[PDB]
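J.: give the three-dimensional model of this entry:
(chains A, B, C, D and E)
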Amino acid sequence: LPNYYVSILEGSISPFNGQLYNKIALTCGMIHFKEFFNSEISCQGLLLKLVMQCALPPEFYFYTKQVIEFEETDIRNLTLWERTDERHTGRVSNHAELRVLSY
Amino acid sequence: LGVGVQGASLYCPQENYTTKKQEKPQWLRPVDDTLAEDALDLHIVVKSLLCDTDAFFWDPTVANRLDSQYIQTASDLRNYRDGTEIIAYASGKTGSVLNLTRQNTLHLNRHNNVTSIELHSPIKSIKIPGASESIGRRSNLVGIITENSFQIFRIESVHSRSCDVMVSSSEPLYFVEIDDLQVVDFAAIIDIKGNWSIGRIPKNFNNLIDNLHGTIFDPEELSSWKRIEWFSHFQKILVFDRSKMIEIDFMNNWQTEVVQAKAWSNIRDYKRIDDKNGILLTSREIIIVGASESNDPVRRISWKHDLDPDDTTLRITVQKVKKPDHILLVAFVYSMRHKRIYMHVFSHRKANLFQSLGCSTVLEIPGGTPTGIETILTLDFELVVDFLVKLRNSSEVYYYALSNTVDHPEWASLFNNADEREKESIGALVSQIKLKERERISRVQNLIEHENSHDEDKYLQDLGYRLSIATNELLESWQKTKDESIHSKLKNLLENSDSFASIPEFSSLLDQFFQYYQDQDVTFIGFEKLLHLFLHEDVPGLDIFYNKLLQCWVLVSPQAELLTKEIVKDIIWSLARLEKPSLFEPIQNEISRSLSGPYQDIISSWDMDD
Amino acid sequence: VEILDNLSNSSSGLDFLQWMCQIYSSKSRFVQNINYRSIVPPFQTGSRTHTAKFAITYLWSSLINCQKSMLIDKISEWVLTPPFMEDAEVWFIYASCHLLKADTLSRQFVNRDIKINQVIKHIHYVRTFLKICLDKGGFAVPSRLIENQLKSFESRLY
DNA sequence: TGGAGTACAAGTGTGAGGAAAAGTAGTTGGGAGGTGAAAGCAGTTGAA
DNA sequence: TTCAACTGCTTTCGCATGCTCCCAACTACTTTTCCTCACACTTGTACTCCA
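T.: Numbering: from 1, shown residues only, chains lettered A, B, ... in the order given. For reference, the structure is listed below:
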């Protein structure tokens, strides 16, 4: 195996500045993750973990939840985005799990 | 005197177990290494406060912005009174504003009166020289360097009735030779970029540079750090850069390049210790205590210790300690990247005998990092020391007495917006949850009074039947849609999808709902072996998942009871992805897409090999 | 020092310095034209005209340890085998091996045939090996004090 | 009142900066190699 | 004449042999192909000050 098929295949650099989501954009474009599979996330399994990390009283679980219901058009369906076009990662934070973190 | 020298260099790195045996048969320490032996030295702060107020580089032409040392004015050159400690520092907008007593610590005076002389140029260096013990006094003058000028001031005869510190002056001698000057020392002796001169100081503030000077100009040195000091009082200046040290006598005509540090080091800082002979030099990779020579005071390079931290912006402060049989010399290096310190304890004995102890470090305040650390002369084995710092991205001057005995602006200045129509409409959601939290505590309390009833049991009887119709429809909704080669809700019901309140009793329903199905096209993923990413440990039952969550929010909530029930139930409304088809569904598509590629793609699509 | 300052279940620290001067010690010439990165001469390599910092460390720390078991012949033979014919600091310690012999042997515990004219070698080895320390380059020794040490050894020789 | 310029935003277009195991580069510093007598005695020529 | 001469050949055993690398060890800079997204212009929709 040649000298650059061994270095790409090893863990040379870590994913940085949101690099991990941006390969999921090429993974949602080279095959469309929409209209084949389902891009719905279990966002309650997300927020269950984030409460006991910071150990606020669990009142903020629904207080976060009323925020997400108020902002999201079509309340449910914090879906994952697709990008099939080019290298232009959109500057919108279109990814589902990152939207929960800003909420 | 020991044995270790070379005549040009003299080394003792960290725990080399150095080269200075003599085999003294005196039956008490039969070796005289360059190392001491004693117990530890832990350092604790005594914190106080004194006063207050492109991006990937730093301009080395700045040296200091503050100085503070004991002074002896003309009235103290006359009377019995000797010693008042002052401070000379900068403040204001661009640092161009130029402006005491010791109760138990160092503190600013009671009369809160500084001497505000106005300066029309940014300040690059503030220092007072300090005098020698062969002239008997402590010098009353002060020399500073601006960006546009070079101004020399002088303190004269302060008061005690109001603690009034007043200044006389020398004039701003502007750049008649138009080159920026770098580091001054008095002990108008100046170091311009590459060249230098010896000046004359006037006593006449009622209205200069001699014809002896030189240069060290290195064409192969691309920085502009320069540095001069009087060395051993015989009109010998030491002119530095980040490449070499030149020894220049400006009274005779005799120049010498002494140190040459271009190969694997540089010169970072050179603090002139108030001692006449012993003076430290800080390089990178090594801390040098090169003193002067006994016979002929030219230069004698003495015992040194290596320094592992590497950076381009390292400086040093060094404070003596007088003891009866010896003299300590602590060595605080610091940088502009981090908050850490590094210290070493040398020792000077009577026959120019040097030793060493070891190294330690302390911690500091998390607002920025230091840029300049200044020690206190303190007017004169239970070691003590005192100093004061100044951090970057700050302008406060703390106080420390070390002895042997995080809010970011962008996370704060982004919120709290100041409009009038938008002043309470953000809180409309705050009024919305108070419309829903008062609601959704009464809707659950319908079910909380229901405990082991028949009135709540008939809901689950309808629940096992309302899911059972649309799911066998969904099982055959996947056989009609099987000729595809091209999905899970658990919200098929519409009654409430919230109307039962028990952790053990719904598990009796769903496991019986699991014993309902045995045919193909219906498959259920695990829950007692798949929930466990939250507790990060064993979850032997879904019921005892709630058990320690019941032991979790006891003190932090009103009544603490029903919310922990309903979120665990909401995971059953969220984690339960239970509509995977059976084995005809992957197998019909693990071979069909395997046919879309040829025989080259077959064997390169391979598992079950290890 | 983590083996030298442990001394509880130790490997004595001096076996590791023996590991250093057995595999890294090379007598190549310092070629000086190649641009050295990540290996630097003055504190980790051991070329000709530059005895290694870890090689002369294993000299002093195995003579201080050699005193503190009271084996001197085990190192006096061992220093004899390299002709480090450039540096002067290894000639002082090669004199200092015999200077510890002429201090330890010159006791005699009587209150006399071979012990008197064996030390007369060890005085003569310190005197000739200190002169070749002065014959080489810059490394000054207190050779006025050592002859005050050596004559005090002679006071029990007589 | 009916019609023009402030700028919230948004997708279009073009290369550039980063990574590493490999290789060739530049010196040395070793190593074994490989490119007549002791005495005859004769014949013949010796030479001014 | 008288003489050397130097060439020739023979036992005795015999002693008995006489252009400079090529490749290791160090090291270093360069080789080879890959990878993830910044800059800027432009375009839209809006509400301002327009007679």
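J.: where do the helices of the chain begin and end?
T.: Unless you meant another one, I'm taking chain A. Counting by DSSP state H, the segments of chain A that form helices are A:19-30, A:44-54, A:59-71, A:96-102.
J.: my question was about chain B, not that one.
T.: With DSSP H, the ranges of helices along chain B come out as B:409-412, B:428-437, B:442-449, B:457-476, B:503-516, B:545-550, B:562-572, B:584-590, B:592-596, B:599-603.
J.: with distance to DNA strand D as extra columns, can I get these in CSV?
T.: Backbone N, C-alpha and C define where each C-beta goes, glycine included. Formatted as CSV, the entries for these read as follows, by distance: least, CB to the nearest atom of the strand, whole Å:
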stretch, distance to DNA strand D
helix B:409-412, 17
helix B:428-437, 21
helix B:442-449, 37
helix B:457-476, 36
helix B:503-516, 43
helix B:545-550, 40
helix B:562-572, 32
helix B:584-590, 33
helix B:592-596, 30
helix B:599-603, 24
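J.: deepest of these, which one?
T.: Highest mean neighbour count among those (mean count of other CB atoms under 10 Å in any protein chain shown): helix B:562-572, with a mean of 18.
J.: same for that helix, what does it pack against?
T.: The elements that helix B:562-572 packs onto, with contact taken as 3 or more CB pairs under 8 Å, 6 or more residues apart in numbering or on different chains; DSSP states H and E, are helix A:44-54, helix A:59-71, helix B:442-449, helix B:503-516, helix B:545-550.
J.: does chain B sit close to stretch A:86-100?
T.: No - among the residues of stretch A:86-100, none lie within reach of chain B under CB under 8 Å from any CB of the partner chain; the closest is 13.0 Å away.
J.: who touches that stretch?
T.: The contact list for stretch A:86-100, computed with CB atoms under 8 Å, 6 or more residues apart in numbering or on different chains, reads A:18, A:21-22, A:24-25, A:39, A:41, A:43, A:46-47, A:68, A:78-81, A:83, A:102.
J.: within reach of DNA strand E, which of the residues you listed are there?
T.: Applying CB under 7 Å from any atom of the strand, the subset of the contacts of stretch A:86-100 adjacent to DNA strand E comprises A:18, A:22.
J.: residue B:12: neighbour count?
T.: For residue B:12, the neighbour count with other CB atoms under 10 Å in any protein chain shown is 23.
J.: same deal with residue C:134?
T.: Neighbours of residue C:134 under the rule other CB under 10 Å: 14.
J.: can I assume it sits in a strand?
T.: No - the assignment for residue C:134 is helix, going by DSSP: H, G, I helix; E, B strand; the rest coil, so no strand is present there.
J.: surely it touches residue C:142?
T.: No - checked against CB atoms under 8 Å, the pair residue C:134 and residue C:142 is beyond contact range at 11.9 Å.
J.: rewinding a little: residue C:30: which of the helices and strands packed on helix B:562-572 is closest?
T.: helix A:44-54 (57.1 Å; CB to CB).
J.: quick check: the spatially closest residue to residue A:66 that is not a sequence neighbour vs residue B:423, distance?
T.: Nearest residue to residue A:66, sequence neighbours excluded (CB to CB, 6 or more residues apart in numbering or on different chains): residue B:433, at 4.9 Å. Separation of residue B:433 from residue B:423 (CB to CB, to the nearest Å) stands at 19 Å.
J.: for residue 16, grab the count of nearby residues.
T.: In the absence of a named chain, chain A is used. There are 7 residues near residue A:16, going by other CB under 10 Å.
J.: that was the other one, I meant chain C.
T.: Other residues near residue C:16 come to 14 when the count uses other CB under 10 Å.
J.: what sits against it?
T.: Residue C:16 makes contacts with residue C:3, as judged by CB under 8 Å, 6+ apart.
J.: and it, that's in a helix?
T.: Yes - read with three-state DSSP, residue C:16 is one of the residues of a helix.
J.: any idea how far residue C:6 is from it?
T.: Counting by CB to CB, the gap between residue C:16 and residue C:6 amounts to 12 Å.
J.: any residue of stretch B:599-610 touching chain A?
T.: No - shown here: stretch B:599-610 not in contact with chain A (CB under 8 Å from any CB), separated by at least 14.2 Å.
J.: for that stretch, what is the distance to the chain centroid?
T.: Computed by CA atoms, centre = their mean, to the nearest Å, the separation of stretch B:599-610 from the middle of its chain amounts to 53 Å.
J.: now do stretch B:267-281
T.: Counting by CA atoms, centre = their mean, stretch B:267-281 comes out at 27 Å from the chain centroid.
J.: what's the answer for stretch B:533-550, then?
T.: What separates the centre of stretch B:533-550 from the centre of its chain is 41 Å, taken as CA atoms, centre = their mean.
J.: circling back: so can I have CSV of the helices of chain B showing distance to residue B:23?
T.: As requested, these are arranged in CSV below (distance: least, CB to CB, whole Å):
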stretch, distance to residue B:23
helix B:409-412, 64
helix B:428-437, 84
helix B:442-449, 88
helix B:457-476, 94
helix B:503-516, 81
helix B:545-550, 69
helix B:562-572, 77
helix B:584-590, 83
helix B:592-596, 84
helix B:599-603, 77
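J.: go through these and name the closest to residue C:69.
T.: Comparing the helices of chain B by their distance to residue C:69 (CB to CB), the top pick is helix B:545-550, with 60.8 Å.
J.: export that closest one as CSV, just CAs?
T.: Once side chains and other backbone atoms are set aside, the C-alpha atoms of helix B:545-550 remain, and they are given as CSV (Å, rounded to 0.1, in the frame of the first residue of the first chain):
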residue,chain,number,x,y,z
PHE,B,545,-33.4,2.6,35.4
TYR,B,546,-35.8,4.9,37.2
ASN,B,547,-34.6,3.8,40.6
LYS,B,548,-31.4,5.9,40.7
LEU,B,549,-33.0,8.7,38.8
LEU,B,550,-35.4,8.7,41.7
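J.: in terms of secondary structure, what does that helix contact?
T.: With contacts taken as 3+ CB pairs under 8 Å, 6+ apart, helix B:545-550 sits against helix B:562-572.
J.: report the angle between the helix it packs on and helix A:59-71.
T.: Counting by axes from the mean of the first three to the mean of the last three CA atoms, to 10 degrees, helix B:562-572 lies at 50 degrees to helix A:59-71.
J.: may I have helix B:562-572 as CSV, with CA atoms only?
T.: What follows is helix B:562-572 as a C-alpha-only set of coordinates in CSV (Å, rounded to 0.1, in the frame of the first residue of the first chain):
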residue,chain,number,x,y,z
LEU,B,562,-43.9,12.9,38.4
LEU,B,563,-41.4,14.6,36.0
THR,B,564,-38.9,11.8,36.4
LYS,B,565,-41.7,9.3,35.6
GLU,B,566,-42.7,11.1,32.4
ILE,B,567,-39.3,11.7,30.8
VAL,B,568,-38.4,8.0,31.2
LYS,B,569,-41.8,7.4,29.6
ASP,B,570,-40.9,9.9,26.9
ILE,B,571,-37.8,7.9,26.1
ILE,B,572,-40.2,5.1,25.4
